[PDB]
Each structure stands twice: as structure tokens, then as C-alpha cells.
């Protein structure tokens, strides 16, 4: 039975989820029945057709009344800031993909359930009250049919976890510290102006901006063996998309650059295929734009000094995450 999905927050993640669904041929047994944002149908259709970071949408998009028509599929357009008022029950919604950035707790995201939706996937780290936190390819097996509000973790955690898992299995990680150099996002500002975070109040276009992230510690939620073993922070830089994870960790035994790279190569070819990739070419961040993988390990950058290991992975923070959202949706509805 096809899963009926709606996207609440038709932004970078929300739109790129819809785009990923259509660009991959609707591989997932999913039908997008509705989207909700602040704009009218003309605005949502226009932003779907033309994108700066990802170019023009391959398919056709037209407007017909209250509907945005994508490759012949009529998708109802809503503009209501309050989730509890959205007509999810009447549309028979199975899963709400919550991508506004404003309802990341189970209490807040549960407003969709009052509206009549069966389940909700938060497109960000959730509050402590969420039923599960999922990095697809790593721990989707923990999902249960009773789960109703889950988190798909962060783009950073979806890159770090598939990177660290094979290294912990074969070498073991005693402890690790991570820095992610990350593209700016729409929570930042063009020129200095009010923000809750004093550093994010500074022009994203002009500076390297340190900001806190829980992505490294959050790997403990998806891989419990690494709980308490990873910490880190982010440096936001003036790029529109694509980010880099830079993980330094102390391994349990001595290792080499060649062994470390071999471990990740085997993982990319086997268990973690299409989630983790292995790259040996002299590439830059833009070359991974529109790459759907969660973690693009760059073997060219690996450094080893005794037990200290530095591994680096590129990730399209919009495209990889958005494709994983569709994967997690199918897993949640299939979970027993």
C-alpha cells in the first residue's frame, strides 16, 4: 500500500525531498499528497522549477487552482503556520515530514497527529522526547510500529555515523573530536542582524563562524557503542551547499593510512553501499553537489600518526539528507 506523505515546510529540505522523489523515478512507494509553506501555489511551483544550488527541475511543474502539479501529479498546496489546523485526517495522511525547523519536539510535532496524521518524521535532531533518532543505513532496524514521532538526525550525523561505524568495528574508537566545515543555511544572516546565537548574528557571506552542534554526540543515539565518545563543533563558511566532516580520533590499536582507507573502501562496497562512498580523485566541495550519498569519504585526505587518525567525508547537506528522509519514511511504515 502506497504511503501517503505530506511535507510541512517546503524549504531547502522540504523542496529537495519532493525533487529527490521525482528525480529518482518515484523509486519509493510514496505519493506526495500535500505540501505546506507560507506562500501561494504560484510561489511554491516557481521555487520548485528553478533552484540556485541544484539548477532547474528536470520535470514539469504547473499550477491548477490550489494544486501544484508535478509530472502530472496534483499536490495540494496549503499555507497555515499551525500544524494542528492542517487537514491531515481528511487527506488520510500516513506520514508528515516536518521540515519547518520550528516543531522539533515530540509535543510540538505531535500537533500534526492531532490534525489527523498517523506519523511524523522530524527533519532535524529531535527533543529528548522523540521515539527514535534514525540514520538510515545504520540503525533503521530499531524502528517499531508503535513509533509515531521520530527524528532523522542531522545532515552532519548522517555523514559521521556511516563513516565511524566501520572504523569502530575494525579498529575501535576510544574517543574522537570532530569539526564540520559547513555551508551556510537559511537560519543565518546576510549582514549583521539579530539572532539568538551571537555568532550566527554575523554575516554568513563574509566570515568563518563557529557554532555549536550536537551531531558528534548524537552518533551515540544511533550507535550506542559510541555514546559519550565523540564531541565536536561546526564552522560555517561562505558556501551555499555541501559540507565537510573532519574527524580526529584515537584508535584502540596502531593503524595506517592504507588500512584506514581499506576499511572504509570495503564498507562502501558492502554493507554501506550507496550510503557511504569512497573517493580517490582530487575533488573540491562543489563536485559533491547533488550527490545523494550521506557520506562521501575522501581517501586522499586520510592522515594517521600512531593511534591518532583523521578521516574526512564530504556531504551534500541538502541532497543526501533529503534522499534519506524518503528511505526512513518507507522504513517507518514497514516497521513491525
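Positions refer to the first chain, counted from 1.
Comparing 278-286 with 66-74, the stretch with the higher mean C-alpha B-factor in the PDB entry is 66-74. Higher average CA B factor: 167-175, of the stretches 167-175 and 229-237. Highest CA B-factor among the listed residues (190, 155, 223, 183): 223.
Within the group 53, 32, 304, 301, the record's highest C-alpha temperature factor is found at 304.
Residue 6: CA B factor in the lowest third of modelled residues in this chain (values from the PDB entry).
Among all modelled residues in this chain, the alpha-carbon of residue 81 has a temperature factor (C-alpha) in the lowest third. Among all modelled residues in this chain, the alpha-carbon of residue 125 has a temperature factor (C-alpha) in the highest third. The deposited CA B-factor of residue 112 belongs to the middle third of values across its chain. Ranked against the other modelled residues of its chain, the C-alpha B-factor of residue 98 as given in the entry falls in the lowest third.
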